[PDB]
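*Asks:* Let me begin by handing over the structure; questions about it come next.
Here Cβ is always computed from backbone atoms with ideal geometry, including for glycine, and neighbour counts include all displayed protein chains. Each reported figure results from applying straightforward, stated rules to the coordinates on display, with no laboratory input.
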Number of protein chains: 2
Amino acid sequence: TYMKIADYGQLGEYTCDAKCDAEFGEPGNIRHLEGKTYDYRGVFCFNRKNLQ
Amino acid sequence: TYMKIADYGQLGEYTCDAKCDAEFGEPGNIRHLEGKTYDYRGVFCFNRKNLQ
């Protein structure tokens, strides 16, 4: 698994220079998603004399 | 007791040189049998003066 940072939120807003506080902004998502892995295999035979 | 192995089995068969296997053979017998032993004894007497 791994992280999938989606979109940075809008944090600042350019307020007026009188208020003694900021204003809330939109958050960001991280979307911790995963993924699997597959396998590959096979076989093959032989004789012993027919190979010597 | 002692061993009495009867007869060695027939193991090999001169098979064809294509099959990836042998063929089973007859077994052998061992006949763990026993035997006892007998005893032999007797007595004979004498006088004492008549022997001096």
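*Asks:* Step by step: first the residues of segment B:1-29, then only those that are of a type in the set (A, V, I, L, M) and surrounded by 10 or more Cβ atoms within 10 Å (Cβ to Cβ), then the one that is nearest to the other protein chains (Cβ to nearest Cβ). Which residue is that?
*Replies:* Once the filter is applied, the top-ranked residue is B:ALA22.
*Asks:* Something else now. Return yes or no: is A:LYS36 without any contact (Cβ under 8 Å) to a residue 12 or more places away in the chain, in a loop (DSSP other than H, G, I, E, B) and not hydroxyl-bearing (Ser, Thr, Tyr)?
*Replies:* yes
*Asks:* Identify all residues within segment B:1-33 that are without any contact (Cβ under 8 Å) to a residue 24 or more places away in the chain and touching a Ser or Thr at 6+ places or on another chain (Cβ under 9 Å); write none if there are none.
*Replies:* B:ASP21, B:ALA22, B:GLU23
*Asks:* While we're here: Could you give every pair whose Cβ atoms fall below 7 Å, whose first residue belongs to segment A:41-52 and is more than 12 Å from chain B (Cβ to nearest Cβ), and whose second residue is assigned to a loop (DSSP other than H, G, I, E, B) and small (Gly, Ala, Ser), counting only separations of at least 6 or pairs across chains?
*Replies:* Going by the 7 Å Cβ cut-off, there are no qualifying pairs.
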